[PDB]
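Visitor: Have a look at the structure that comes next, please.
2 protein chains.
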Amino acid sequence: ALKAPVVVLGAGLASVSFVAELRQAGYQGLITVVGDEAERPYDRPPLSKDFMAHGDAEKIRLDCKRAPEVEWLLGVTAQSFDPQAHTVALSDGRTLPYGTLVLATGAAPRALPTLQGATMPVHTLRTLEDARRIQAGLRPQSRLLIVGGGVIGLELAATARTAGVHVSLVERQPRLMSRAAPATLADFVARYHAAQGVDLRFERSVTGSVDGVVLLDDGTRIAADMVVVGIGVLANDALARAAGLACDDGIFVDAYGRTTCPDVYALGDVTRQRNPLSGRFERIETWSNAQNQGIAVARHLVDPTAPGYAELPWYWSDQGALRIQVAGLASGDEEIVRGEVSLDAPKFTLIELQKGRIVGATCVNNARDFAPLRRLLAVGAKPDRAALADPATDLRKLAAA
Amino acid sequence: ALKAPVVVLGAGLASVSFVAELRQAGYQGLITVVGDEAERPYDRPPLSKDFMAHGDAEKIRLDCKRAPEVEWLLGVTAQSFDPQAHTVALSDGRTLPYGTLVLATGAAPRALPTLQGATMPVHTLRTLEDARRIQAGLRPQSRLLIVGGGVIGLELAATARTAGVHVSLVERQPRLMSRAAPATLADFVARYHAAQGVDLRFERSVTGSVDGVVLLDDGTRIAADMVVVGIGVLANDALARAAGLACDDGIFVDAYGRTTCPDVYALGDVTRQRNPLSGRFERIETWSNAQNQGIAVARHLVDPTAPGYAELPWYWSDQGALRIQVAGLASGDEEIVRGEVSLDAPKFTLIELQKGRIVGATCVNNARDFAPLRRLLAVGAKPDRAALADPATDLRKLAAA
Ligand SMILES: Cc1cc2nc3c(=O)[nH]c(=O)nc-3n(C[C@H](O)[C@H](O)[C@H](O)COP(=O)(O)OP(=O)(O)OC[C@H]3O[C@@H](n4cnc5c(N)ncnc54)[C@H](O)[C@@H]3O)c2cc1C
Ligand SMILES: Cc1cc2nc3c(=O)[nH]c(=O)nc-3n(C[C@H](O)[C@H](O)[C@H](O)COP(=O)(O)OP(=O)(O)OC[C@H]3O[C@@H](n4cnc5c(N)ncnc54)[C@H](O)[C@@H]3O)c2cc1C
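Chains as they are written, first to last, in the UniProt record's numbering: chain Z, 5 to 405; chain Y, 5 to 405.
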C-alpha cells in the first residue's frame, strides 16, 4: 500500500506538508522530492503581500525540518512517469524508481489570449521570480493595469497603491472575487479599493493592446507601464494526462488522495476533489487545502485506519487595511450580518446559512470571531439566528457548547 | 491486474457488453453479474419506441450468448462492497468475493421536487416496469403531460400521439433537447411536434399540482390524466460513494475504466469520463457509450496492450416520422446545412465545424450520410466547405479518401 520508495513531484506547500507528515507519522523509507524551481521551498501568500513590499525571500521559506532525511532535487523537472515500470524521467537525464508516486505540481496562471502578442510588459504573479520581476517595475507614479478582480490581483492592487503606483483594474464579472466570496463582501471590497484610488472597471474585457495601451471591449483604452494578468490558474496536470490518469483541469482524487492509477496519488492545487459542503467536485486553490490535504493523505498512507481528508475549505486575503477571512460556502438561503459594514474602521462578520445551518462565514478585521465560526461550520451548527445577529453574543461560547 | 474472479454490478447493456467482450477476448475465469431487476437483460431504447407501441418484451432482450459461462443473479441488489476485503454484500444475504469489481449500475430518472406529494399519476420512464405502467395508461383521448423536452420525453410524445393520446409538454429551457443537440435541429423538432398536435410550453416550470391539475410558474394550469417526468437522470453511484471512490453524480473513470479504488472499474451511464472532442469530463447517457465503453474496458483488461476507450459520442432518437442521428459536438464556429429543412418529407444533414475541422454532425432521415460523417469526425477531417454544402458531393467518397 504505502510502498517505498516515495517520490513526490513538486516542492511547494502541499509537497512539504505531505513529506513532513510522512516522517512525523513514522514512515522511515526513502523520500525524494523533485522541484522544478531552483529555490529553497517557499510559501506563496507573501508574494502579493509583505514580500512584494519588503523583498526578503529569507522570510518566506517553508520549514523542512519536520521532514528529515528527504532528498530535494531542486531545479529539476519531471518530464514523464511510467506507471507500469514505476519510474519517473527527469530533465537532468536521471530516472527515479517509486513504490508510491505523489503528484503535487500545483497550478499556473492562465494566459490572456488577447495579450499574446503584446509589446509592453505583461506579467503573471505565481512564483518568487514573478514577484521579483513585478516589484522591479512598481516605480512610484507609474501606471499598473491589473486584469482580473480575484484576491491576488486585489492584494497586488493594495500593495501597489501603498507604494505610490497608480492602479487600474479590469474585471469581466460585475463584481470582484466572484469565486467563493459572498456578494456583501465583494461589494464592500470594491468600495474600499475605489476609496484608495483604484480605478475599477466592471463588466469589461481586454480585446488587445497596441504600443503600450490596452484595448477594452467597450471600445476604449487604458494606458499602462505594466499589465499584470490574474484571471485564475490552470492545474499542472500534464504528466498525469500523458500517463492516462483521469484529469480535467485538475487530477481527480478521492479523500485518500488516490488518482485513477494505482500507486499514484495527488494533492494540493493540482487536484480536483470533493468539497464536503457542496458535495461537488472542485479544484480548490487555497493554502489551507495544500497543507491540510497533504497532511491527511500522508497520515492515511502511513496509517490506513486514519480517516480520509475531511477539512472544510477556507482562505484569507490581506488587502491593505482589510484582513479578510472566508470559510465555507459564499452563499446559502440566508446571510446574517454582525456589526456594521463601513469604511470607517472596517470590522464585521457575515454568516451564511442553509435551512438554519451554518454553511459559510466571513470576518473582516476580526480574527477572534473566525475560529469559533469555523468550528460551528464544521459541525453544521444550527444556532439561534437572533443571537447570531445579537452583538451581545459570544461566538466562542456558542462553539464550546 | 485482470484478477479473477470478476464481479459486475448491474445487468444492463454496459454489463452485458463488458462480459461478452471478456469472453470473446479469451478470459476464462469466473464471471458473476448482479442485477437488481428481475428481468432477462434487456435494451432500453425500445421502451419509448416500438415497445411502448406493441408491448412484446421478448423483442427487446439483450443477447447474452457471446457471454457463455456467466452466472446472472437477477432480482438481487448489491448493498455494499468492501474494497479491502474484496467482497460484495448482496440483498439475499450472500457475499461474493472478487479479484476485479466492475460497477455498471447505470442511472435513474431525477424526481421533480414540486410533484413529490402529488395525488395524480406521476411516472418516470427508465425500466420495463415503468414502460408497462405508462402504456397501461395511454388510453386514446386521454391527456398526458410530459415534463422535460429531452429525447425520451419527445419519443414518448410521438408514441402517445400515434396512439391517440393528447399530449402537452413543459420545458424549462427555451428549446427542446438542450443537451447535445444543435439548435437548428431542436428548432425543427419543435415545429414537427407542434404540427403533430403536441402542446409545447417553453420557458415554463412546474410549481406543483392539485386534484389532477399541474401548476406552472406563469401562474397557469394544465389538466392531465397522467404526468411523465423526464428531466434527466442521476448516476447510480451510491455504492461507490459509500466505499470511498471519487464521484460527483457519476463515478470518475479514466480511459481504462479505472476508478480511484484499485481493482474497481466502472462503465456506462454510471460514469463521468473524458469526452475526447471537448476534452472535458462528462456523464455520457447513450446506448453507444454503454456498449463501446464496456467493450473497450473489457478488451484492455484482458489485453493491457490494447488502447483505452477512444470512441467519439453519438446517439439516435426515433420521434414519429423523424429518424434523428447526432454525433459529436452540438456546436462549433460553423454549421453547414445539407438539404432543405422542411416538414414536407423531412430529410437533411447538419455539419458542425471548428476552425474548418468537423466536430459534429446530424442526420434526419438520412442514415446513409451518417456513417461517412462519423468517420470524417473521427479523424478530425477538414474538408472543402462548399463541397460539404454542395449537394453534388458524395460523403462516402470523401470518407474513403
Ligand atoms: C501570489 C499568491 C498569493 C496567495 N495568497 C494566498 C493566501 O493569502 N491565502 C490562501 O489561502 N492561498 C493563497 N495563495 C494560494 C496558495 O499559495 C496555493 O494554494 C498553494 O501554493 C498550493 O500549493 P501546491 O503545493 O499545491 O502548489 P504549488 O505551490 O504551485 O507548488 C507546485 C510546485 O510544483 C512545481 N512543478 C510543476 N510541475 C513540475 C514538474 N513536472 N516537475 C517538477 N516540479 C513541478 C511547480 O512549479 C511548483 O513549484 C496564494 C498564491 C499566490 C501565487
Ligand atoms: C426509455 C429510454 C430510451 C432510450 N433511448 C435511447 C436511444 O434511442 N439511443 C441512445 O443512444 N440511448 C438511449 N437510451 C439510453 C440507454 O439506454 C442508456 O445509455 C443505457 O441503458 C445505459 O446502460 P447501462 O448498462 O450503463 O445502465 P442501465 O441500463 O441503467 O443498467 C444498469 C442496471 O444496474 C442496475 N443496478 C443499479 N444499482 C444496482 C445495484 N446496487 N445492484 C444491482 N443492480 C443495480 C440498474 O437497476 C440497472 O438494471 C434510452 C434510455 C431509456 C431509459
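Built from N, CA and C at the ideal position, the CB exists for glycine as well.
1. By the criterion of Cβ-Cβ separation under 7 Å, what are the contact partners of residue 1 of chain Z in chain Y?
2. Examine chain Y for any beta-carbon lying closer than 8 Å to the beta-carbon of Z/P266, and answer yes or no.
3. Using a cut-off of 9 Å between C-beta atoms, extract the partners of Y/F22 located in chain Z.
4. Where does Y/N293 sit, in a helix, a strand or coil, going by DSSP?
5. If you measure between the beta carbons of Y/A111 and Y/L238, is that distance less than 8 Å?
6. Pull the bridge partners of Z/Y269 from the DSSP assignment, please.
7. If we ignore side chains and look at the alpha-carbon of each, how far apart do Y/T166 and Y/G324 end up?
8. Check whether the Cβ atoms of Z/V268 and Z/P87 lie closer than 8 Å to each other.
9. Who does Z/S172 pair with in a DSSP beta bridge?
10. So that I know if they touch, is there some Cβ in chain Z lying closer than 8 Å to that of Y/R284?
11. Using beta carbons (cut-off 8 Å, strictly below), is Y/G312 in contact with chain Z?
12. Mind pulling the beta strand (DSSP E) runs of 3 or more residues that sit fully within the stretch 320-399 of chain Z?
13. Taking only runs of the alpha helix (DSSP H) that begin and end inside the stretch 174-255 of chain Z, which ones reach a length of at least 4 residues, in chain order?
14. How many Å lie between Y/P72 and Y/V80 at the Cα?
15. Would you report the Cα separation of Y/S182 and Y/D191, rounded to the nearest angstrom?
16. What residues from chain Z crowd round Y/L243, counting only those whose CB sits closer than 9 Å?
17. Closer than 8 Å, CB to CB, is Y/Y260 near chain Z or not?
18. Return the first residue and the last residue of the beta strand (DSSP E) that Y/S84 is part of.
19. Considering only the alpha carbon of each residue, which of Z/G212, Z/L219, Z/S335 and Z/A375 lies closest to Z/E356?
20. Taking Cβ-Cβ distances shorter than 7 Å, what residues in chain Z pair up with Y/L249?
21. Using three-state DSSP, classify Y/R276 as helix, strand or coil.
22. Step through the CB atoms of chain Z and report whether any lies within less than 8 Å of the CB of Y/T353.
23. Is Z/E75 helix, strand or coil by DSSP?
24. Give a yes or no on whether the C-beta atoms belonging to Z/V155 and Z/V233 are separated by under 8 Å.
25. Can you tell me which of the three DSSP states Y/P45 falls into?
26. State the Cα-Cα distance for the pair Z/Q177 and Z/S209, rounded to the nearest angstrom.
27. Does Z/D252 come within less than 8 Å of chain Y when only Cβ atoms are used?
28. Taking the alpha helix (DSSP H) that Y/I138 falls in, what are its first and last residues?
29. Consider the C-beta atom of Y/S321 and the heavy atoms of ligand 2; say whether any pair is separated by less than 7 Å.
30. Mind checking whether the beta-carbon of Y/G14 lies closer than 7 Å to any heavy atom of ligand 2?
31. Distance check for Z/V330 and Z/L402, CA to CA, integer angstroms please.
32. Under 7 Å, CB to CB, which of the residues in the stretch 74-99 of chain Y have a partner in chain Z?
33. Ends of the alpha helix (DSSP H) at Z/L66?
34. If you draw a straight line from the C-alpha of Y/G59 to the C-alpha of Y/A164, how long is it?
35. Classify Y/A111 as helix, strand or coil using the three-state DSSP reduction.
36. Taking 8 Å as the CB-CB limit, is Y/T163 close to chain Z?
Guide: For this structure:
1. Chain Z is shown only over 5 to 405; residue 1 of chain Z falls outside these bounds and no answer can be derived.
2. yes
3. Within chain Z, no residue comes near Y/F22; the closest Cβ sits about 18 Å away, beyond 9 Å.
4. helix
5. yes
6. Z/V106 and Z/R262
7. 8 Å
8. yes
9. Z/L149 and Z/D203
10. yes
11. yes
12. 326-332, 338-342, 352-358 and 361-368
13. 187-199 and 242-247
14. 20 Å
15. 10 Å
16. The contacting residues do not exist; Y/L243 stays about 14 Å from chain Z at best.
17. yes
18. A82 to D86
19. Z/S335
20. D258
21. strand
22. no
23. strand
24. no
25. coil
26. 9 Å
27. yes
28. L132 to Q139
29. yes
30. yes
31. 19 Å
32. none
33. Z/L66 -> no alpha helix (DSSP H), and no H or E assigned at all.
34. 14 Å
35. strand
36. no
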